[PDB]
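Fold and geometry: a report
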Amino acid sequence: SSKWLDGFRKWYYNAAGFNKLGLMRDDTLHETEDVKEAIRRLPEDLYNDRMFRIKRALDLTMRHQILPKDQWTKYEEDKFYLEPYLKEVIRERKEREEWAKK
Amino acid sequence: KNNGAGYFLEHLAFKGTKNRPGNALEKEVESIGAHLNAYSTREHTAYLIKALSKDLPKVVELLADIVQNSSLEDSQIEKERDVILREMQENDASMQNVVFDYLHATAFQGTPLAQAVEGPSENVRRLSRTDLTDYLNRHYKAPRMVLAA
Amino acid sequence: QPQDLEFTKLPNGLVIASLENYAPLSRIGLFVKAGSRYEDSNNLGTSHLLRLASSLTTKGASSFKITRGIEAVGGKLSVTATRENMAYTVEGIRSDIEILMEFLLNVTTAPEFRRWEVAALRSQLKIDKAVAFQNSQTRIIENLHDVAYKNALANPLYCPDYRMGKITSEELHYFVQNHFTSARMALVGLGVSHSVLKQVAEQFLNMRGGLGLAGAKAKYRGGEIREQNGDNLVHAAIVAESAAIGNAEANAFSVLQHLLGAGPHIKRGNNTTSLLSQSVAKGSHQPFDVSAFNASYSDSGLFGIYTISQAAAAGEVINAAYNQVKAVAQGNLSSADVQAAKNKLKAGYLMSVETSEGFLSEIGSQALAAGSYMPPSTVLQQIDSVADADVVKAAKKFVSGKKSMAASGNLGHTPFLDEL
Amino acid sequence: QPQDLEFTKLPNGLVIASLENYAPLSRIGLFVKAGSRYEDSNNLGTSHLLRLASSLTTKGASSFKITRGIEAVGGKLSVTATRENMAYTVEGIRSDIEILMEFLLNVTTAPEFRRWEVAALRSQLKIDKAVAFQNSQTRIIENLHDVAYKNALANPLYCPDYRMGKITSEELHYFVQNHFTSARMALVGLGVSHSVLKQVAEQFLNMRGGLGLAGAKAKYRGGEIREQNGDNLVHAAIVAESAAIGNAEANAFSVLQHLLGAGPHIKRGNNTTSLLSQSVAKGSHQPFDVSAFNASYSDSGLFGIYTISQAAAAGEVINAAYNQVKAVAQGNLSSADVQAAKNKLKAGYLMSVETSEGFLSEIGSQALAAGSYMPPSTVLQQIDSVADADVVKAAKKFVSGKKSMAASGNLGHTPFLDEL
Amino acid sequence: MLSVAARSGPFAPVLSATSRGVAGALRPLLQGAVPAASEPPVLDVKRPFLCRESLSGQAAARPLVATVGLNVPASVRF
Amino acid sequence: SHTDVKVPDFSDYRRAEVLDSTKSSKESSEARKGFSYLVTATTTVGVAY
Amino acid sequence: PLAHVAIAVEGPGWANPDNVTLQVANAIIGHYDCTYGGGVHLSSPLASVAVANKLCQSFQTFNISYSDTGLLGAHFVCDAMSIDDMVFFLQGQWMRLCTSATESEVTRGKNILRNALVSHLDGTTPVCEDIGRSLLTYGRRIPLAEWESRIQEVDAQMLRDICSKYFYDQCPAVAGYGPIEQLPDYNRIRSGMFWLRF
Amino acid sequence: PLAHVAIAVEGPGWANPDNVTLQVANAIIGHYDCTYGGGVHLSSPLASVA
Amino acid sequence: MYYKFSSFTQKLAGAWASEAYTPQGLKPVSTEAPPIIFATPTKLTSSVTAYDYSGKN
């Protein structure tokens, strides 16, 4: 966990390949009701940054190109911008479901 | 690199000359009730005055130094740099002017007719009095001037 | 060179003015004293719909015939309504103008005023009011007029929002049959012979010989309105009762507004010879715009100051402008400033009639008021016949009168009328 | 058997008053001095949004949990607001009301104010203002309070149309942190004991300073507002400055209110012992309704005449009511009329304190105003001490003051302030 | 000096309104366009007052007090 | 500002006779659309066969 | 709230006479905004179509000239949902002027251009502007009688020849600002600049 | 501007005790107005879907 | 007050005094100039269309 799991996480981040399209991790998440609500709750700056990064990725995958290596999203600089919003939406959905159980 | 030189001279042309330093020049035209206007296009610059016919001499004298004796002062350069930044901010709201500039840029890519008359913001932030002097020594010569009445 | 202007007073009270100057295109305008002065609380906004009813069906021409026939010759029909009178102006190339005249004739004499067309037009008057009130000066001036007067001039140029969808054809027919009478109209033609205008007037201006309905007699109330809209700028007009047109005091008030500063003369200027701008620029280190407002009518007048300032520094600008008017109301002024004010006023008057539109509007208003030509040199010498004590007593009459205040914006630092 | 209401003033300034009704149902309220009085021009309409946003998520309970848990036990959560203070109330069964307070205290003490939820209920602000402005008395009193004061009481209950879409959660957080402090609250309980209320006050309420922000003293302005909107009836309120809550002259002004008529004591009656109704009934022959308006606040009051009349008969109704008050102010009244007015006033007070809502509202109002609850018998006793000379002094106070006028309808024959 | 609009220098087009029934060859500068604004909410037909018996009690006498609730309708009482 | 928006250089994708900005267009535009429409015409002839 | 789109092609400049003809073409299409009081009876086909279908907030044609170059085209502001339709309508109008211009239409445009040229020079400021700009651009002051003589040369055949020379099968320059995703791609705008029926 | 529609069935009256049961049924469905406070989180499924 | 150069026809049209002779607004301070970022690093050259070559010189 100390030595190579972080190293294997870095190698897997390089190998998965959304960093060379300029995407962050949370841009790659497939939408559900939860993800759409979490995106709807985002502020305007992060929403506009996300949508520009997504359409830049679609432009790059149109031409079958990738970003230059200095413009690849770094593993440490990758911010998890969405997942507190997603965790709050998941928590309130679980609260609604457990109320509907009883 | 002097992409807003004509616009910035068009601003400083009414702020004072050598023989009429500052607002006294302004006072003079208001003392005769005349109207003083200017514009700057991509190809032409105009300084025009509506006045009465009975004061035809004095106005011509004013026009003379406005095209050949403008006193370009550093404090006036600073404050008119701020004024030009203010009205590029104002003209960003005039959305048809924005589409006008965009159409010129995308139609005349790579040519000197794509750049706007007021130019980019960095040139407003960085332009110096020597550059304005070079522009006025190069382009304000007498064979290119028409005195119209 | 043209000959002098020619006048004719028909027995039904119609004034006819004509100038033969052999212009390439001719201008024909009918001036009617049928503005928004003449409504009351029941038919508000009738003048706004009547302003936009200039392309509806008449007898002798339909809407299609009017629009296609004026646009086919390239001519133009407009109508300009002030709070006292309306002006219907057609223009076009000379060889066509007679057919254009009969179009204007129909629009000014026999409107059909069908119900379905005005039901179509009421949405257009809502859209026109929105476009007009897109800027803030129009909104604050209409509010200032609604506050300054209690009757006959508080009626705005644009129709109120509750009245839209409620103006019927009967109110329009009543307004036309009570105010579009032949004893209140002037037919002015620039670029046409006098016999053509006299022939058309004898043909189809012989139906309403009375003086119509008149005598509204606007009264002054004063007060204040404060539209909080939270904008970054604060507009404020402070006015008071001033003399009507037909007096030497009106000339004194025009000299007073050009002495205090009555708008810009220099592109991106500082307004150095303006006294109000001098006082506020000595006070405030933020952008502003101070000017003198003077709306003179035939029965009353409004004179005051109009200030645009920042939201927080509004009180300093307003108080500096009011103290400047107070200081020039106590004899503290120079005669060179009054001479420059007279030069500004006469230059503005000579530049107003410089174009053909300003000349035709001026002679239409002169024919409506007096029925006779006032040459520009007589206007200039009447300007020149104003003393300094007249301007001093005009400012003294402003400062001693109860004010009407209209303010718009973030009014946290804007004063009230008890604190001027 | 309703033994005694117990009262307690904590050292941080928080008030707890509770009564042991042994009722089937319990009612618990929290009274905060956080009305529309405490907004400047920067944060207009914040209190309206906070009133609507009481049912949002809190740091300790989610909005789904708050709504479903309140509706699960059948309890009621209500927010009642005026210009001065707000009040939060929960109603429930005694066995459940304890956890109901938990929900209430979250709504008062730890609101998260998430941005998306505030953006959601700004549309609810627009709908609520439309519904409340469907009555014309609302906009009359709103314009009347706007004109009658300069600052801190001209702020409306309902959010202005420009501030909708402009209120953020930071302004609500500022309003909560500056006005929901400890020494501005009274916690009132009916159907509970002191120990549980002291426990929940020790749990949730004892963290803030207490003094908060004061306000801007409510300087009087005067003037008039006339809103031409085209209805069948014309509403007109004419007020003047009067004594505040806790002054010795508020009782005399309330006696003068009930002497001039403040409501029909008989359904479909003719208002025989109402002086204003008597004068307008002997004057006019059309539908109308005239009453006396009283509104006393912490440091100011307004007393005046409210008239609903016909469009073409508004001048005679307004002048008849005003001349009736002028005849009262000269001393033309009988002692039996003052005795019946005192009977009407104390009857209205006693039938206002009968239900649990009115009782708890009066306890919270007394705790926020005076900080010492008084029994109703003491209130009736100080009502009984009013002499008719103080009523004549109150009427002369109304007559010899600067009036504020608010009018709406067809204002063709509605008079002005100087014409009265 | 007539032409009351031209009496005021800068306040010529503010005191006057110039519609154009048939727009000519030259276009006016600043054509202008309304934004697509919102719409007011719809409300039911209210209660008219056509008699003295219905109008009684409608005149206000007390200050305006508003009340909202979670499951009770919003009310205003005077 | 809106005047800071400048079109980037397209000279790598750009056609040969429209490269220099100092030469006027409408001198070789007919040749360019003649080439492209000749490509389309030959394709249409082949699929017609 | 609103979107502005400007479409243009080349115009020849200051010193080429068929500018006058191009001016007549603009006078055929003209200008409109929402406050024009004609109704459904305006002579311009694009104006009547946009009034009937409630597409525009405003449109405006232009001819812009510099030294042997210029921009010739149209500019409109409208809401999002209208944009694509208007582009189609606008291009159709141009193709009509390329293919099937009539004589009364040309006569109306000629009268509009006569009134524009004469009524623009009303007052000393636009006359002085015309003098200074004409001495800088044409090298001389073109008199208005010379303008009237050049306007009288315009008939329908040479007008549709000139419009086919400057509009038909030409690549436009498109600028847009606002909610403009219903504004089509460059391929559909370019394909709309010619008719498959000629 | 907008329509009022009422649908009813025959109910028992005063003397029948199952009226109380019917009241509970109404308390499941309840009421809703446009000026409420709960929003989507009201317990009544008709009010929540409305 | 009288004439402003505009109207897409390059003409000195008529305009109000608040925009003909006061083109700069009454807003006090210019706020910012937001920079432009691209997807790829583009060679946005204004003069002479960057460079013209086909190899190493």
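As annotated in the PDB entry, chain H carries the name Cytochrome b-c1 complex subunit 1, mitochondrial and comes from Mus musculus. According to the PDB record, the title of this entry is "Murine supercomplex CIII2CIV in the mature unlocked conformation".

Going by what the PDB entry lists, chain F is known as Cytochrome b-c1 complex subunit Rieske, mitochondrial and is assigned to Mus musculus.

**Here we look at the interface of chain D and chain E**
Contact residues are listed per partner, giving 47 residues for chain D and 33 residues for chain E. Summing the contributions of chain D and of chain E, the shared interface buries around 3,200 Å²; its carbon and sulfur component is 61%. Among the residues of chain D in contact with chain E, D:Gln134, D:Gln137 and D:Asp289 are the three that bury the most area, contributing 16% of the side total. Taken together, chain D and chain E are joined by zero salt bridges. In this structure, the connection of chain D to chain E is made through 13 residue pairs in polar contact. Mapped onto the side of chain D that touches chain E, the elements with two or more residues apiece are α1 (46-52), α2 (63-72), β4 (76-81), α4 (115-132), α5 (136-148), β9 (289-296) and β10 (301-310) of chain D. The element contributing the most residues to the side of chain D that touches chain E is β9(D), with seven residues. Residue composition of the side of chain D that touches chain E, grouped by class: 23 nonpolar, 17 polar and seven charged.

**Here we look at the pattern of salt bridges**
By the definition in use, this model includes 52 salt bridges over all chains. A salt bridge links D:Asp418 to C:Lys150; the shortest N-O distance between them is 3.9 Å. In this pair, D:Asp418 is assigned in the segment after β11 (404-408) and C:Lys150 in the loop between α5 (136-148) and α6 (169-179), connecting two distinct chains. Looking at D:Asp418, the relative accessible area reads 54%, which means it is exposed. Between G:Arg96 and G:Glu105 there is a salt bridge, with the nearest N and O atoms lying 2.7 Å from each other. Connected through salt bridges with shared partners, the residues A:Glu37, A:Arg40, A:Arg41, A:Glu92 and A:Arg96 form a single ionic network.

**Digging into the interface of chain C and chain D**
Tallying the contact residues gives 17 residues for chain C and 15 residues for chain D. Between the two partners, chain C and chain D, sit four salt bridges. Across the pair C:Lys150 and D:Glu419 runs a salt bridge whose closest N-O atoms are separated by 2.6 Å. Residues of the side of chain C that touches chain D, tallied by class, amount to three nonpolar, seven polar and seven charged.

**Quick word on the packing of aromatic side chains**
One pass over the full model with this rule turns up 33 aromatic pairs over all chains. With 6.1 Å between their ring centres and 75° between their planes, A:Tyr85 and D:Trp116 make a pair best called edge-to-face. One end of the pair, A:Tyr85, is in helix α4 (residues 83-101); the other, D:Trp116, is in helix α4, on a second chain. Residues D:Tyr322 and D:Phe398 carry aromatic rings whose centres are separated by 6.3 Å and whose planes lie at 70° to one another, so their mutual orientation is edge-to-face. In this pair, D:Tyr322 sits in helix α10 (residues 314-329) while D:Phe398 sits in helix α14 (residues 388-399), placing the two residues 76 residues apart along the sequence. Comparing D:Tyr322 with D:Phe398, the two get one shared label, buried. Site record: aromatic cluster; members linked through ring pairs are C:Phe253, C:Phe303, C:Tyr322 and C:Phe398. The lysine or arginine in question, D:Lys129, covers the ring of D:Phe133, its NZ or CZ lying 5.4 Å from the ring centre. Sitting over the ring of D:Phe416, D:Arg226 keeps its end group 3.9 Å from the ring centre.

**What about helix α13 (residues 376-384) of chain D?**
All names here are of chain D. Taken as a whole, α13 has its buried residues at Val379, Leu380 and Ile383. Buried residues of α13 fall within an arc of 95° about the axis and therefore sit on the same side. Along α13, the residues that are exposed and aim more than 90 degrees away from the buried face are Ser377 and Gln381. Residues of α13 that are buried in the fold lie against α11 (335-350).

**Describing the relation of the copies chain C and chain D**
Between chain C and chain D, which share one sequence, the superposing operator has a rotation angle of 180° and an axial displacement of 0.0 Å; the RMSD is 0.6 Å. The superposition of one copy onto the other is thereby described by a two-fold rotation axis. Of the C-alpha atoms belonging to chain C, the one lying closest to the rotation axis is found on C:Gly223, 3.4 Å away.

**Here we look at the sheet that holds strand β1 (residues 17-22) of chain E**
Strands sit in the order β1(C)-β2(C)-β6(C)-β3(C)-β5(C)-β4(C)-β1(E) across an open sheet of seven strands; the sheet is mixed. The sheet terminates laterally at β1 (6-9) of chain C together with β1 of chain E, the two strands that pair on one side only. Averaged over all pairs of adjacent strands, the angle between their axes in this sheet comes to 15°, without regard to strand direction. For strand β2 (residues 15-19) of chain C and strand β6 (residues 185-190) of chain C, the ladder comprises five bridges, and the chain directions are parallel. Residue pairing for β6(C): C:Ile16 is matched across the bridge by C:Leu187. Against the sheet, helix α3 (residues 97-109) of chain C makes contact with β3 (25-32) and β5 (86-93) of chain C, and its axis sits at roughly 160° relative to β5(C), the strand it touches most. Lying over the sheet, helix α4 (residues 103-120) of chain G contacts β3 and β5 of chain C, oriented at roughly 110° with respect to β5(C).

**Observations concerning the state of the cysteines**
In the structure shown here, the tally under the stated rule is zero disulfides over all chains. No disulfide involves G:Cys56; its nearest neighbouring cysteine sulfur is the one of G:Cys78, lying 7.9 Å away. H:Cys34 forms no disulfide, and the closest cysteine sulfur to it belongs to D:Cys159, at a distance of 18 Å.

**A few points about the nonpolar core**
One finds C:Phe31, C:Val188, C:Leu256, C:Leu260, C:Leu276, C:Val290 and C:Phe303 to be the most contacted residues of the largest nonpolar core, which totals 55 residues. Both of domain 1 (1-216) and domain 2 (217-420) of chain C provide at least three residues apiece to this core. Beyond its immediate chain neighbours, meaning those up to four positions away, C:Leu276 contacts C:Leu260, C:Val290, C:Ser291, C:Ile305, C:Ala321, C:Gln324 and C:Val325. In this structure, G:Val20, G:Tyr32, G:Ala74 and G:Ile162 belong to the second largest nonpolar core, which totals 50 residues.

**Some points on a nonpolar patch on the surface**
Residues and elements named next belong to chain H. Taken together, the side chains of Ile28, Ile29, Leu46 and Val49 present a nonpolar region at the surface, about 430 Å² in accessible area. Among the secondary structure elements, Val49 is positioned in helix α2 (residues 45-49). Of the residues examined, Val49 reaches a relative accessible area of 68% and is grouped as exposed.

**Focus: the environment of A:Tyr12**
All names here are of chain A. Relative to the helices and strands, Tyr12 resides in helix α1 (residues 5-16). Among the residues examined, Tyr12 registers a relative accessible area of 54% and is labelled exposed. Put simply, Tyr12 and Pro84 are 72 residues apart on the chain and 23 Å apart in space, counted from C-alpha to C-alpha.

**Structural notes on the environment of C:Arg115**
Mapped onto the fold, C:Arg115 is located in helix α4 (residues 115-132). Remark: the alpha-carbon pair of C:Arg115 and C:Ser169, spanning 54 residues in sequence, is separated by 5.8 Å.

**Here we look at the arrangement of the chains**
Here 18 pairs of chains are in contact, and chains D and E lead that list by number of contacts. Across the gap from chain B to chain D, with no contact made, the nearest C-alpha atoms are 20 Å apart. When C-alpha atoms are compared, chain D and chain I, though not in contact, are closest at a spacing of 19 Å.

**Observations regarding the side chain of C:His194**
All names here are of chain C. With respect to the helices and strands, the residue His194 is situated in helix α7 (residues 194-204). According to the relative accessible area criterion, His194 is buried, its value standing at 5%. A polar contact is formed between the side chain of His194 and the side chain of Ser18, at a distance of 2.4 Å. When sequence neighbours within four positions are dropped, the list of residues in contact with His194 reads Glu6, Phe7, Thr8, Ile16, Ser18 and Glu20.

Quick notes on the rules
- Residues numbered from 1 in each chain as written, not as in the entry; some residues may be left out.
- Chains lettered and ligands numbered in written order.
- Part of a larger assembly, values for the part shown.
- Heavy atoms only, no water.
- Residues with missing side-chain atoms left out of burial classes, pairs and counts.
- Contact = heavy atoms within 4.5 Å.
- Buried area = accessible area lost by both parts, 1.4 Å probe.
- Salt bridge = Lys/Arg side-chain N within 4 Å of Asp/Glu carboxyl O.
- Polar contact = N/O pair within 3.5 Å; in protein donor to acceptor, adjacent residues only side chain to side chain.
- Helix = DSSP H or I, 4+ residues; strand = E, 2+ residues; numbered from the N terminus.
- Nonpolar A, V, L, I, M, F, W, Y, C, P; charged D, E, K, R; others polar.
- Buried < 20%, exposed > 50% of the residue type's maximum accessible area, 1.4 Å probe, protein only.
- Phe/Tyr/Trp six-rings, centres within 6.5 Å; stacked < 30°, edge-to-face > 60°.
- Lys NZ or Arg CZ within 6 Å of the ring centre and 35° of its normal.
- Arc of directions from axis to C-beta.
- Least-squares fit on C-alpha atoms.
- Pairing = 2+ DSSP bridges.
- Axes fitted to C-alpha atoms, helices over the stretch in contact; angles between N-to-C directions.
- Disulfide = S-S within 2.5 Å.
- Core = buried A, V, L, I, M, F, W, Y, C linked by side-chain atoms within 4.5 Å.
- Domains from an automatic or database assignment.
- Patch = residues over 30% accessible without salt bridge, like charges linked within 9 Å, V, L, I, M, F, W, Y side chains within 5 Å.
- Areas by Shrake-Rupley, 256 points an atom, 1.4 Å probe, with all protein chains shown as cover.

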